[PDB]
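Data block below; observations after.
Note that these values count all heavy atoms, side chains included, but never hydrogens, waters or copies made by symmetry. Start at 1 and go down the list; that is how both ligands and their atoms are numbered. FYI, the numbering just counts along the sequence from 1.
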Amino acid sequence: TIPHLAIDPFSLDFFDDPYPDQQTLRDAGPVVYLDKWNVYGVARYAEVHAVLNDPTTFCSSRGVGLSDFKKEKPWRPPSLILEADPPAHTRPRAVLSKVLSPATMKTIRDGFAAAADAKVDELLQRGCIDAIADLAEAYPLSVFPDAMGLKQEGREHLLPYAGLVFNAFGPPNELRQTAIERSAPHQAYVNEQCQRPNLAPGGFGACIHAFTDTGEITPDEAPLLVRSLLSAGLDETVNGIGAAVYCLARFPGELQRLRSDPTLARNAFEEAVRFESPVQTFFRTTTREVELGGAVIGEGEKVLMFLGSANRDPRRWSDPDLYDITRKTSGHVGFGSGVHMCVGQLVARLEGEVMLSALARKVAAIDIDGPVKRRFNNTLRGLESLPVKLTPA
Ligand code: HEM
Ligand SMILES: [Cl-]
């Protein structure tokens with residue numbers, strides 16, 4: 001009663017144009033089996049949302065990648081937050097919630113906004129820039145590592161470690177194996193910077209250690225929690241910002257709208273997160289036999305949630321493939337949903353908004369002026385290079 005499909009959602013051919021295959025996955029049925037990897041898939045909005053919000057049956061403590069931690073050893077010690085279920089998840093989640101709090105956003109908003117304005121003006125002096133290297137990547141690298149309190153030495157390891165994390169959620173294909181193999185220098189840099197003497201006071205990493213006084217986390221838990229913030233955050237925001245510029249380049253009406261009302265910058269970024277879904281997929285593992293979309297799934301089965309597909313499901317979204325900066329994005333699952341919803345979402349929206357605000361106020365046109373290249377990752381969708389010509393306002 002369950003349709004078996006041969007689509008490999010982690011194949012380069014898939015990454016290059018996933019949307020036809022995502023309609024095939026949605027329309028085949030509410031639950032599919034992927035014979036290439038022996039996992040269940042859900043690609044419609046309603047089932048993805050249901051799985052995300054049913055953590056006791058669809059757990060994360062057995063890994064949110066293909067690998068099942070009950071069967072194989074994780075390639076690194078499990079995240080205390082992403083790879084945990086309630087109640088073990090609860091206290092590290094509260095710490096990160098507070099470290100990346102609304103109140104915290106007040107402390108960094110002016111520095112983050114200033115860097116974004118400065119960068120767009122710098123790029124407007126240039127003309128043809130790569131919207132990935134020069135902007136999507138350059139801007140987050142100029143604000144987040146400082147906000148973490150990271151030292152200068154070794155930052156060259158930061159993007160490699162992020163790309164490795166998200167490749168590692170994937171199946172054991174060449175992308176994953178290449179990433180994991182000879183990754184020890186990236187792991188060694190990160191693990192060393194998770195130690196308290198290495199984190200500048202007042203930054204995110206030092207504030208995590210300062211919570212060890214409260215009884216919420218123990219001193220030995222703090223370095224792994226800091227690791228979360230050296231794992232998440234950078235790559236997804238990079239891809240999301242690069243996607244926004246791309247959409248603003250491909251939908252010029254929406255740039256003109258945003259120019260006429262820069263207070264749309266925040267929803268413009270949220271809509272870019274829905275439209276691109278920089279985090280395409282996460283896994284759950286079933287804790288029991290469960291009925292989902294009429295199919296009975298056994299215990300200990302991997303379930304692949306297509307977040308990006310769920311964000312373009314026409315059963316939920318009008319004109320899902322159109323970028324609409326006045327769309328009401330509420331309910332999109334590009335940040336997840338339920339107990340695990342992105343705890344770093346205020347930092348991403350902040351970086352995204354202030355960059356889109358900078359563009360809204362200083363830029364009149366964004367014209368693609370060179371070969372566009374995709375960046376391939378088992379979990380993340382984003383561009384490798386986007387040559388554009390910025391016309392000053
Ligand atoms: C556009 C940017 C981002 C996207 C698309 C994104 C995506 C996601 C998603 C889909 C989840 C839920 C994972 C799951 O349910 O298994 C998640 C959780 C998480 N995110 Fe983000 N994220 C972004 C930015 C950030 C930032 C800026 C940070 C840190 C400052 C961050 C840190 C985390 C952490 C630590 C978790 C684990 C939360 C938990 O398990 O409760 N992310 N992210
Ligand atoms: Cl590590």
>> Among all protein heavy atoms in this structure, tell me which lies nearest to atom 41 (O) of ligand 1, with the distance rounded to 0.1 Å.
In response: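 Checking every protein heavy atom, the shortest distance to atom 41 (O) of ligand 1 gives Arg93 NH1, 2.6 Å.
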Would [X] count as a contact of ligand 1 if the rule is a heavy atom under 4.0 Å away?
| X | result |
| --- | --- |
| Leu234 | no |
| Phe144 | yes |
| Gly334 | yes |

>> Exactly one of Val303, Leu66, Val32 should register a side chain to side chain contact (heavy atoms under 4.5 Å, CB included) with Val39. Which one does?
In response: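 So the option named by the test is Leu66.
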>> Looking at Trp317, I'd like to know if the NZ or CZ of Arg312 sits under 6.0 Å from its six-membered ring centre while staying within 45 degrees of the ring's axis.
In response: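 No, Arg312 and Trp317 do not form such a contact.
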Do [X] and [Y] pair up side chain to side chain, a donor and an acceptor below 3.5 Å, judged on atom types alone?
| X | Y | result |
| --- | --- | --- |
| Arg257 | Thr326 | yes |
| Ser11 | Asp13 | no |
| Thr178 | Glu174 | no |

Quick check: does [X] get an N/O under 3.5 Å from an N/O on ligand 1?
| X | answer |
| --- | --- |
| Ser228 | no |
| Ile81 | yes |
| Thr237 | no |
| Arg284 | yes |

>> If we set the cut-off at 4.0 Å for heavy atoms, which region of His340 has an atom near ligand 1: side chain, backbone, both, or neither?
In response: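 Under 4.0 Å from ligand 1, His340 contributes backbone and side-chain atoms.
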> Counting heavy atoms only, which part of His89 comes closer than 4.0 Å to ligand 1: side chain, backbone, both or neither?
Replying inline: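 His89 to ligand 1: side-chain contact only, backbone stays beyond 4.0 Å.
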> Any donor-acceptor pair under 3.5 Å linking the side chain of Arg316 with the backbone of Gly331?
Replying inline: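 No, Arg316 side chain to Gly331 backbone: no donor-acceptor pair under 3.5 Å.
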>> I'd like to check which ligand 1 atoms, numbered from 1 as shown, lie under 4.0 Å from a non-hydrogen atom of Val339.
In response: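 Going through ligand 1 atom by atom, the ones under 4.0 Å from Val339 are 41 (O).
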>> Restricting to distances shorter than 2.8 Å, give the number of protein N, O or S atoms close to atom 21 (Fe) of ligand 1.
In response: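 Atoms of protein N, O or S type lying less than 2.8 Å from atom 21 (Fe) of ligand 1 total 1.
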So does [X] pair up with [Y], basic N to acidic O under 4.0 Å?
| X | Y | answer |
| --- | --- | --- |
| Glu353 | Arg109 | yes |
| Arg315 | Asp313 | yes |
| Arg361 | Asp121 | no |

> What about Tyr161 and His157, are their ring centers closer than 6.0 Å?
Replying inline: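 No, the ring of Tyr161 stays outside the 6.0 Å limit from the ring of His157, centre to centre.
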>> As a check for students: among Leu307, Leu100, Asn239, identify the option with a heavy atom nearest to atom 30 (C) of ligand 1.
In response: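 The option holding the nearest heavy atom is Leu100.
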>> Ring-plane angle category for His89 and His340, please: parallel below 30°, perpendicular beyond 60°, tilted otherwise.
In response: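 Judged by the thresholds at 30° and 60°, the geometry between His89 and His340 is tilted.
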> What do the steps show when you test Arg288 against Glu299 for salt bridge (charged side-chain N to carboxylate O under 4.0 Å, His left out), and what is the final call?
Replying inline: CA-CA 4 Å; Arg288 52 178 57 88; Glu299 186 271 346; over 6 Å; no
